Amino acid sequence: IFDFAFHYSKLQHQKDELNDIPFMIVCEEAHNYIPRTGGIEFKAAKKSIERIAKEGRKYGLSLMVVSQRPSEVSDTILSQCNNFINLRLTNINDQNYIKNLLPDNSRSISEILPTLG
Amino acid sequence: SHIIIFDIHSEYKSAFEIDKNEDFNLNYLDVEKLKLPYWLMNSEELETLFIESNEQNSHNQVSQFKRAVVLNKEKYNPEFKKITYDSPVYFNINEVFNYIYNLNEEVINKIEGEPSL
Amino acid sequence: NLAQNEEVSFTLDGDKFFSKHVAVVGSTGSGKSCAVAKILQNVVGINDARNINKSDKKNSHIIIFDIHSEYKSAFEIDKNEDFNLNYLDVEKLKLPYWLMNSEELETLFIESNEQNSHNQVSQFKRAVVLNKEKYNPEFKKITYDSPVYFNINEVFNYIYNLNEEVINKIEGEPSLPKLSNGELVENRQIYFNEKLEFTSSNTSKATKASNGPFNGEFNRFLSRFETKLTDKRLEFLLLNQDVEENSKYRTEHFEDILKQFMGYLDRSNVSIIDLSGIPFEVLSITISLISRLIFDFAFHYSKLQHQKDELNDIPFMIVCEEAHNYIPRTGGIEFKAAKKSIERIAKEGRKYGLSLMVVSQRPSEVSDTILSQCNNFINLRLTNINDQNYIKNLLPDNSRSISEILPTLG
Amino acid sequence: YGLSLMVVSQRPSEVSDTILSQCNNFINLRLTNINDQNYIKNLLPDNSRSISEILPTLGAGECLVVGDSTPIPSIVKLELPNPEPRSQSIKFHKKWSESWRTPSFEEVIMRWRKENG
Amino acid sequence: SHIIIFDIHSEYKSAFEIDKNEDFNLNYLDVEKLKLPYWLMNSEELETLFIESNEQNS
Amino acid sequence: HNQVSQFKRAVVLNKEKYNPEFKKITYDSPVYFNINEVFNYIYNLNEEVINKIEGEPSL
């Protein structure tokens, strides 16, 4: 997908245009195959997805990391997200990790995280 | 709108499966329908799929398999000029298996550097 | 101007602002790119899309590391204004690999994750130094960090032949590598020329051929090496020496590379290096190489001109936007090359005539070794409590009382 | 045996602690870095509510003297030396707006090659 | 009065260079006027000048 | 490390020997393997002596 987007963007730049067919990749339970504490079991998958997080916005390619264990999700990938849709987080470690990453993590926003129904 | 969803716990299929009269179709790809040719993988994935194992390897296992793969790629793709181990070109895996099996049982010595005999 | 009074012009000590390290910080949507563009335009003399210094051009020198593509449109004005912008799309530029040091070469070609890395490092260093000596016979002090020409395909051939060598152990003649045809190899430097087929190893008394000390130890290293050598989006390294157009950039064409990044082709004040199309694997290495070249030029020029009872007459400023991408607080090994090179300008840059403008929207993620050396701060709106706390403890104590306006600024 | 050391450094945190810990007298000037301030405060023989708060507030030419040579630590304004040291610092803005300067690239690239350093 | 200054920036000669009528002389030793013979060094200094390099010692 | 490697190799070999029908037999496969035989294998490896007569195989 990344290579197709790259090549199509390269062709489109010759006509003074951009990628008119963008794509959104939605990952379900990302912590399974892009984990923070990972060795060799998930190395190609982490590298392939990471090349989209750090280089996919230029060639018309986005990501939607959906997970319930943010502390297990790799920090290199979650740190590239600009918008967050948060739900009720029960674990303290996940709450702290999400609080340390939100662009607007003021006290009013920080306190409203486990209260959500 | 273009969306690709990676699902590991199934689901998400009924959320987009509506009545056929709505002219909305879902490109649901599972193990039975997915077609991922093995020759599209690079060197790392090829070694992970075939060479990688719980037991330790030898000093002539990776070297011979790579040579056989390169030779098969060259034989089956004559129009291409630069053919390498990571080149995404078609190559028969059964031919590589036969090559390794035949190399595994040879009854000829060196007899110096004489190409004949 | 002043927010208190719109009719009061705000002025700064240029020699106390640009001669030191500036730290521009803010949040997404606060327009921190507009502030940097305005400051640089005021520096170079761009007012109302016009060049005030049209008659005589000044000595302003700014190099901007545009990881994204934003600042090119901020310095592109009408050609009648006689303003030249040194826009370097490095993805379509000639930046040879032989300008790198040990760290960048090791990061680009050697993976530390795999075990037995010491043997690979030693063999690569030996081969690189030997090739550098072979291709540059006039030079004497040739080291692993020397910016001199050397073929990379020959190094690959040397490593491949080492991985496949077979030594002869027949009595009488010396233990030398034996080829397939039976001819011995007197000099090991012939490994550079081409790949070789060695004799089979046998335990018989007639042949008694033993394996080489490094036989079979570079199977994974060679695969990664050939993957790197055959990457079509790394063509800006001139990494494919087989092409005649890429083998023509020798040590002689070194003075024309420094002029390229310093805006000295014909005449240029602002240089914009667009590091957008570069693969993110080698983003930090390119920054480290360019910064090291600039710093070494400044250091050598200052040392040369100190004996003439003068000082540097070409001070340079480096604008580093999105700093946390390549100089982060918690970095591994891929970011070691960039952090070390930048720290040498953040600690020893004032003497030789270099300045840093660290622009980042996440000041807490940038390494404290570089931010703590910044004297002047242009702080925009900050909404992260972990960011305000870090910048409050870095500001002068007199401004701590007024440092509570950061979330309120608009 | 009749030897004394005057360790002069603008980055105290980068100086070896095995040498800075043997100093009995300290002449502290304005320190801007927080790490240097903390290190000096820790090393100072006398820091009681009047030495730990004046270091960042020191002016130009004023130094705080803490040690055995004085009974009362105090801030002292030192007269300018005559003759003055040749402390040369490049002024970036002043050097700019002085027309276009073309350095001799051959000389600097020759000195770079360790030929005429 | 005996004072020895280790200056790496060459910024202290001016503070002690006054008119010759004052009969105050300064012992300014630069790389041109310095004479440190190599035979006065010990094993560590000798091996860090001739033998030590970035390669592997044979 | 040597003990772990030798024990794993012996266990895998014994599992393959005692369960010929199974193909994907690994170290973690719950299949029968005699432990006294593994002890004997390690003990014999502890006293291994290789014949090094010129011409004869190194066995």
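### Regarding unusual backbone geometry
So, point 1. Between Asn 82 of chain D and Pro 83 of chain D the backbone carries a cis peptide bond, its omega angle lying at 0°.
So, point 2. Mapped onto the elements of the fold, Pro 83 of chain D is located in the loop between β3 (74–77) and α3 (92–95).
So, point 3. If you check the backbone angles, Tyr 12 of chain B has positive phi at about 65° while not being a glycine.
So, point 4. In this fold, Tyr 12 of chain B is placed in the loop between β1 (3–6) and α1 (43–51).
So, point 5. Here the phi dihedral of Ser 99 of chain D falls at roughly 60°; this positive angle occurs in a residue that is not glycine.
So, point 6. A residue is classified by how much of its surface remains accessible, and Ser 99 of chain D, at 23% relative accessible area, is partly exposed.

### Here we look at empty space enclosed by the protein
All names here are of chain C.
So, point 1. All told, the structure shown has 4 cavities of 30 Å³ or more when counted by the stated rule.
So, point 2. Of the pockets and cavities examined, the largest cavity occupies roughly 60 Å³.
So, point 3. Per-element tally for the lining of the largest cavity: the top contributor is helix α8 (residues 283–306), with 3 residues.
So, point 4. Volume-wise, the second largest cavity comes out at about 40 Å³.
So, point 5. In terms of lining, the second largest cavity is formed by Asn 101, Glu 103, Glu 104, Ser 288, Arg 292, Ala 337, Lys 340 and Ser 341.
So, point 6. With 3 residues, helix α9 (residues 336–348) is the largest single contributor of residues to the lining of the second largest cavity.
So, point 7. Within the lining of the second largest cavity, the residues separate by chemical class into 1 nonpolar, 3 polar and 4 charged.

### A word on the sheet that holds β3 of chain D
Residues and elements named next belong to chain D.
So, point 1. Reading across the sheet, the 3 strands line up as β1-β2-β3 and stay open at both edges, with antiparallel pairing between neighbours. The open sheet has two edge strands with one neighbour each: β1 (26–28) and β3. Along the sheet, successive strands turn relative to each other by an average axial angle of 35°, direction set aside.
So, point 2. Here β1 runs beside strand β2 (residues 62–66); their pairing, made up of 3 bridges, is antiparallel. Within β2, the position partnered with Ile 27 by the bridge is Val 65.

How each quantity is defined
- Residues numbered from 1 in each chain as written, not as in the entry; some residues may be left out.
- Chains lettered and ligands numbered in written order.
- Part of a larger assembly, values for the part shown.
- Heavy atoms only, no water.
- Helix = DSSP H or I, 4+ residues; strand = E, 2+ residues; numbered from the N terminus.
- Buried < 20%, exposed > 50% of the residue type's maximum accessible area, 1.4 Å probe, protein only.
- 1 Å grid on protein atoms, 1.4 Å probe; cavity = no way out; pocket = protein on both sides within 12 Å on 5 of 7 lines; lining within 4 Å.
- Points joined across faces, edges and corners; volume = space filled by probe spheres on them.
- Nonpolar A, V, L, I, M, F, W, Y, C, P; charged D, E, K, R; others polar.
- Pairing = 2+ DSSP bridges.
- Axes fitted to C-alpha atoms, helices over the stretch in contact; angles between N-to-C directions.

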